[PDB]
Amino acid sequence: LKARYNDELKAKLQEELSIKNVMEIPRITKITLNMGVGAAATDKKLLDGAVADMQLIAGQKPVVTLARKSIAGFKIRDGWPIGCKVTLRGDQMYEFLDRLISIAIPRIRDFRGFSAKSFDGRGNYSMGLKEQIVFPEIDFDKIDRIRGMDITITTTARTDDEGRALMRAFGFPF
Amino acid sequence: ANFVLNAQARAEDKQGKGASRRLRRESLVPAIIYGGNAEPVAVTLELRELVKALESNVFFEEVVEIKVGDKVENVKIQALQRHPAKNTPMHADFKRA
Amino acid sequence: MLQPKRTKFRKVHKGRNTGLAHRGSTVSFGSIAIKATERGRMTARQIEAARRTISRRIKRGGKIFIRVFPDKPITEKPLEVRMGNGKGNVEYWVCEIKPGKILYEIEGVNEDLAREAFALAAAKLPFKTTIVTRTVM
Amino acid sequence: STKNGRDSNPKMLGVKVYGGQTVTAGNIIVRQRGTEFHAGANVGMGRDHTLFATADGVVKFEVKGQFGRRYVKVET
Amino acid sequence: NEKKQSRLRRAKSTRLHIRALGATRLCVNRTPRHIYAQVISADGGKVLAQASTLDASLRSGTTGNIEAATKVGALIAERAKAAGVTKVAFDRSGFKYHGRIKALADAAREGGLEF
RNA sequence: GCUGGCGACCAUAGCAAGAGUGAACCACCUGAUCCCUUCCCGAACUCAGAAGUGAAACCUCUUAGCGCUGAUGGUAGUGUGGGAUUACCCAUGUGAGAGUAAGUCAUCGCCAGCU
RNA sequence: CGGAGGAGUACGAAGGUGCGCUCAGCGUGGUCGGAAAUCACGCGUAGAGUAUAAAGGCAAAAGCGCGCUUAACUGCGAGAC
């Protein structure tokens, strides 16, 4: 996107939401991708498979996430790997955003999963997408156990309405 | 007007712990008067007069008059100290009204 | 038998009972109250007995506020034991009473009945008491 | 039989030189388990939080700083 | 806003150590547009020499890169030699010792201050 | 009279709410070619620059809203001599804490720019 | 022979230095995932931590990471407790 956003959506959203100054036009700052792969301690291979998955889906190297505090109810320890996370900004973030919105959403069997709600009350949106499939990589064959992704778009928008407006302008279904 | 208390000046040699105890042994009550635009004034009151005034309910909400000779003050009751076991009043505060 | 649910320590020093009760000497919850005039100790059984007498007399027509709690443990030796060999065992709990401390308050009854109940209760206590009523200041 | 009956030897902590006294370099000013007093000018701190004078002069206590710490210093 | 707070937090330790040591300080400041350098006495409340790219001789240039910082360092060195200060402690004020500030420090060192 | 830096001081100086400032300075701001950088990300650090904005931020102003400061008088305690033993009284010296009246939206120093 | 607790160890890094970073709690949303795993954003706030008992301490953090290393050196030592 990038240039397309800068050309159209800036002025379009400015006149749509009636904002006086340019500096507070809503923008997207970062996108975070997470796989909370619990109980990786037993297998030690699903986690490194997940990091590979992240590497193919987004052209950035993942960083494994260590546990904070130990809980008896679960089996996690003080500081051992229990997850993986990635952050995307700049042109790579616009890329991932477009190649996700245009392609992945029609692919999945169900539809209308993402409601116009679920903003955190300050203009940032969170979604969960199931199955590493529907992404530009190999299908159920040549992959390890299936996995799910959490996608968070963090915006400069102050209110949920302004966040919704920015997302629908790009083409978020709801 | 309706409530009037006759008082005498309480001097520095009449202030303190032992002096106050001697005054109460003589059946008197120490009081202080403070308020806007004037310095505090220390006075002595009669125990029977104070008890009689406190028995009435209008004493706590009406302007009272304290007369030390020629000097006259119009004040409201502000704070009162009582003995923990005998309930006898021990010291009084008066805010200028 | 009032007693703390748990304590930080089990045994405490004897101490000394001195001074007056400047705190807890004003009628706050009800309209009429009974307060101590000389110092002493009050046990949980004494508290229970006085409460039972007051409640029985007033027939539970008003509300009784108890303002003393026995948070001090007292120990004793097992009997026929020589001096030394450690501190004794906790037997009962007491509250220290200073002159001017209010023990019971009653809300919602006539003064004649409240005074008669307080007179009934005062015969169960190991120190002298008196009756007070609420006042503006 | 009691399970109590132990205690440790005394340690002799506290202030050794008070305000207004003259010192020579090396004199110990405060013995302390933690840092109740902090080192000001011409005062050094040992590995066990002892405060000592590093120059001749007169001892002076004060309260200073944004945290309200107690300082001791030596004026030459 | 945590940017400036983090910078001051980073500068605190070096400033306190210099104050405890009791030496003359050479302090620098850097913005996207300008760079500044002042020499401060031991007490910390008086300045002896100063230099910046706001100087009339230098304000006409680009003012925001290594080349300007070089002459800023030369100027502060030559002005401090006039005041008679020789030994100083460099205070980077929470910045990294890299790029423009490193150039300014090298220029002052060639100017004659030893540190 | 404004702006920046460095100190004295550490709430009577702080928080909170509301309102202003772009000439200069500062701040966001452009992109990432070289220096440099992230257990990933030009988000921070760094470099090369002025097309935009004072929106945010930082400063300045107003408010007693929260907080903070705080008398006088009295009470508790207490050294010495005397009188008594549920821990008080007298002579003499000393004197809180809590609470009340009231106060407060700081005050100074060195240097450099702009009027 | 009063009332309560600990020790008879550990560590070549858990030592040195340069540079860098702040805890805990609650609330929102977000797959399995919930009372409580990880992600993002807020609110008030030292209640976290410090190999180990308690106490005195801890923002230049004495708490937490990374690179390089052996000052866990030799001869001493004014002056003090």
Side-chain angles (χ1 to χ4, degrees), chain A residues 20-24 29-30 32 34-38 60-65 67 71 73-74 76 82-83 85-90 92 118-122 124 126-130 148-150 152 154, chain B residues 15 17-18 20 30-32 34-35 39-40 42 78-79 81 90-91 93 95, chain C residues 9 11 13 16-20 22 38-40 84-87, chain D residues 1-2 4-5 12 16 24-28 31-36 49-50 52 65-66 68, chain E residues 1 3-4 6 9-10 12-17 27 29 31 33-34 36 38 40 43-47 50 52 54 64-65 96 98-99:
Chain A
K20 304 312 112 208
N21 268 15
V22 36
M23 275 330 326
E24 52 272 67
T29 52
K30 53 205 277 295
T32 83
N34 185 8
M35 302 202 249
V37 286
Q60 255 183 72
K61 213 206 308 152
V63 289
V64 52
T65 312
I71 304 169
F74 303 179
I76 38 65
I82 71 164
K85 56 157 298 187
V86 169
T87 167
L88 252 73
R89 321 171 119 95
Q92 205 140 358
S118 179
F119 287 95
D120 45 2
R122 271 142 282 96
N124 326 313
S126 52
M127 66 204 33
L129 92 86
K130 283 328 102 193
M149 233 70 42
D150 305 14
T152 288
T154 304
Chain B
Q15 296 165 31
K17 183 194 285 206
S20 315
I32 190 76
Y34 49 75
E39 301 328 344
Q78 179 87 32
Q81 295 184 16
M90 269 180 87
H91 180 258
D93 294 22
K95 197 222 208 273
Chain C
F9 294 103
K11 304 181 191 191
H13 284 167
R16 304 279 188 280
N17 186 337
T18 59
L20 303 162
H22 303 269
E38 52 149 320
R39 84 185 66 253
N85 229 292
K87 206 173 162 65
Chain D
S1 172
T2 76
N4 307 318
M12 296 90 186
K16 306 301 183 177
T24 36
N27 277 350
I28 290 178
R31 289 283 212 180
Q32 48 180 8
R33 193 48 71 221
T35 309
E36 326 200 32
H49 312 302
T50 302
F52 59 99
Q66 63 186 291
Chain E
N1 68 301
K3 182 140 117 164
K4 194 180 183 179
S6 274
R9 218 209 48 247
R10 284 194 300 269
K12 211 79 64 53
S13 209
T14 292
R15 260 149 198 192
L16 289 183
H17 194 54
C27 192
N29 202 20
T31 77
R33 268 263 150 80
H34 297 276
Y36 316 80
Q38 33 198 129
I40 285 137
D43 71 74
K46 286 181 181 307
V47 323
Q50 80 95 7
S52 152
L54 256 45
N65 52 3
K96 199 163 165 285
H98 180 84

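Just so you know, these numbers use all the heavy atoms, side chains as well, and skip hydrogens, waters and symmetry mates. Lettering follows sequence order; numbering is per chain, from 1.
The residue E:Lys4 sits close only to the backbone: its heavy atoms come under 4.0 Å of sugar-phosphate atoms, none of a base. At the heavy-atom level, E:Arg33 lies under 4.0 Å from base atoms of the strands shown. Across all strands, D:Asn27 comes closer than 4.0 Å only to sugar-phosphate atoms, never to a base (heavy-atom distances). Among the atoms of the strands shown, base atoms are found under 4.0 Å from some heavy atom of D:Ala25. Counting any heavy atom pair closer than 4.0 Å across all strands shown, A:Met149 reaches no nucleic acid atom. Counting non-hydrogen atoms under 4.0 angstrom, C:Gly19 reaches the backbone sugars and phosphates but no base. Using a 4.0 Å heavy-atom criterion, one finds that C:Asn17 contacts the bases of the nucleic acid, with or without backbone contacts as well. No contact: A:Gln92 has no heavy atom under 4.0 Å from any strand.
Judged as a salt bridge (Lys or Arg N to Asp or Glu O under 4.0 Å), and not counting sequence neighbours, the contacts of A:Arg122 are A:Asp120. Checked against side chain to side chain donor-acceptor pair (under 3.5 Å), B:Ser20 has no partners two or more places apart in sequence or in another chain. In this view, A:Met127 and A:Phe114, A:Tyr125, A:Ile151, A:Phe172 satisfy the side chain to side chain contact (heavy atoms under 4.5 Å, CB included) rule, not counting sequence neighbours. For the side chain to side chain contact (heavy atoms under 4.5 Å, CB included) test, residues two or more places apart in sequence or in another chain that qualify with E:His17 are E:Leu21. For the side chain to side chain contact (heavy atoms under 4.5 Å, CB included) test, residues two or more places apart in sequence or in another chain that qualify with B:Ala42 are B:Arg10, B:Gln15, B:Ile32. Under the side chain to side chain contact (heavy atoms under 4.5 Å, CB included) criterion, A:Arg89 pairs with A:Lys30, A:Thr87, not counting sequence neighbours. Applying the side chain to side chain donor-acceptor pair (under 3.5 Å) rule to B:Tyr34 yields the partners B:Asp93; only residues at least two apart in sequence or on another chain are considered.
For F:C41, the base is anti relative to its sugar; the glycosidic angle deviates from 0 by more than 90°.
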**Reading 5' to 3' through nucleotides 48-57 of chain G, protein heavy-atom contacts under 4.0 Å coded B for base, S for sugar-phosphate only, - for none** = -------BBS

**Fill in**
Each nucleotide of nucleotides 37-45 of chain G classed B (base within 4.0 Å of a protein heavy atom), S (only sugar-phosphate) or -, in 5' to 3' order, makes BBSSB----

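On the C1' atoms, F:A11 is 23 Å away from F:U100, given to the nearest whole Å. Between F:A112 and F:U53, the two P atoms lie 35 Å apart (nearest whole Å). The separation of F:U37 from G:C26, taken at their P atoms, amounts to 40 Å, rounded to a whole angstrom.
Distance, E:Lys96 NZ to G:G20 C1': 12 Å, rounded to whole Å. Look at NZ on E:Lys12: it is 16 Å from P on G:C19, rounded to the nearest Å. In this structure, NE2 of C:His13 is placed 9 Å from P of G:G3, rounded to the nearest angstrom. Distance, D:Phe52 CZ to G:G77 P: 18 Å, rounded to whole Å. If you measure from atom CZ of E:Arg9 to atom P of G:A59, you get 14 Å, rounded to the nearest angstrom.
Put simply, CG on A:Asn124 and OG1 on A:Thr152 are 8.0 Å apart, with the number rounded to the nearest 0.5 Å.
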**Asked** Where does RNA chain G pair, written as one dot-bracket string 5' to 3', with Watson-Crick or G-U pairs under 3.5 Å, ( ) inside the strand, [ ] for crossing pairs and | for another strand?
**Response** ........(.....[[[[[[[.(.(((((.........)))))...).[[).....]]....]]]]]]]............

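When the rule of centres under 5.5 Å and planes under 30° is applied to the neighbouring bases of F:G42 and F:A43, their six-membered rings do not qualify as stacked. For the pair F:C35 and F:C36, the rule of 5.5 Å between ring centres and 30° between base planes classifies them as stacked. Base stacking is present between F:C28 and F:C29; both the centre distance of their six-membered rings (under 5.5 Å) and the plane angle (under 30°) fall inside the limits. Both conditions, centre separation below 5.5 angstrom and plane angle below 30 degrees, do not jointly hold for the six-membered rings of F:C10 and F:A11. Classification of the G:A51/G:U52 step: stacked, the six-membered rings being closer than 5.5 Å at their centres and less than 30° apart in plane orientation.
Ranked by how close their nearest RNA chain G nucleotide is to the 5' end, A:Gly73 and D:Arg31 are led by A:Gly73.
Nucleotides of RNA chain F that come within less than 4.0 Å of any heavy atom of chain D span, from the 5' end to the 3' end, F:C9 to F:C10.
Taking a pair as Watson-Crick or G-U with both hydrogen-bonding distances under 3.5 Å, the stems of three or more pairs touching RNA chain F are F:1-8 with F:107-114, F:16-20 with F:59-63, F:26-28 with F:52-54, F:67-69 with F:102-104, F:77-83 with F:88-94.
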